[PDB]
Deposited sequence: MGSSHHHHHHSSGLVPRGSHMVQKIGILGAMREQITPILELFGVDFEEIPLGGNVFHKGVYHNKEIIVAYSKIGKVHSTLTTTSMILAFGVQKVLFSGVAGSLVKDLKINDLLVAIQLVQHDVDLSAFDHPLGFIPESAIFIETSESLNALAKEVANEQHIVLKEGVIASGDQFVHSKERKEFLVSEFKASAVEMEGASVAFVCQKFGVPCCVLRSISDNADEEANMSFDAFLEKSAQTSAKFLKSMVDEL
């Protein structure tokens, strides 16, 4: 059978996903997290909220793989734009992700680099081409970019500009890079999608929750 992981970066994204898929979902607790497991079109679907920041999101993804056997992972959520051409409500597919807060510069490593790893983590060529396929069939503009992730909420103009000079990043958030890393380590194809959320707010989040559930279901139908 197929086994597919869907991770949401905000708790409010989860209900809209379960309801769109239509099938019953068993609630299953493991290590502080909650995993929703259902059958749709004869595939196992595992859905969960990541929780906040890199340790939380690493734990959730690691448990999704080792405990539920998911074979592919789809991670939606929200990011802040760092460049003018990226406007509120654009959908961005991450080709590369960087942990922006990593600094081993004292040992002569460049910023973002950990030994036995790399500065930029790649996502799955096949899932990304399918997202472009889904987006075209649905008349959505899907833009391509580098996402930066870290355990700070980045608001200041100075930190934003450093992220663009050093990593060539388009957008910023808190979980993406850790999730894509874990998937690489286990040889599990991953796709990370973000709707742009800044350049009064619940409405933006609600709607973006509804439309991401639709886009993910459409990727699953093709898988």
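Taken in order along the deposited sequence, the stretches absent from the coordinates are 1-21, 221-227.
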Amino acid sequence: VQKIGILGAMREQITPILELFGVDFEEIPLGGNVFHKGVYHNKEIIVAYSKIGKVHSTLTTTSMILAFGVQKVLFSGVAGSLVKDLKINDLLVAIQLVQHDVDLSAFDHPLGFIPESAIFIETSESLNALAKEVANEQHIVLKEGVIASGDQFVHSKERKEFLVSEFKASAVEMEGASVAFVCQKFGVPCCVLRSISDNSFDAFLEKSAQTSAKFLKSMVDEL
From here on, numbers count along this sequence of modelled residues.
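For the segment pair 9-17 and 201-209, the entry gives 201-209 the higher mean B-factor, averaged over Cα atoms. Of the two segments, 94-102 and 77-85, the one listed with the higher mean B-factor is 77-85 (C-alpha atoms only). Which of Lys54, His41, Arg194, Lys185 has the largest Cα B-factor in the deposited entry comes down to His41. The PDB entry assigns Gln138 a C-alpha temperature factor belonging to the highest third of its chain's modelled residues. Among the modelled residues of its chain, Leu127 has a C-alpha B-factor that falls in the middle third according to the deposited record. The deposited CA B-factor of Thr60 belongs to the lowest third of values across its chain.
In the deposited entry, the Cα temperature factor of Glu175 places it in the lowest third of its chain's modelled residues. Placement of the Cα temperature factor of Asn33 within the chain: lowest third of the modelled residues, per the deposited record.
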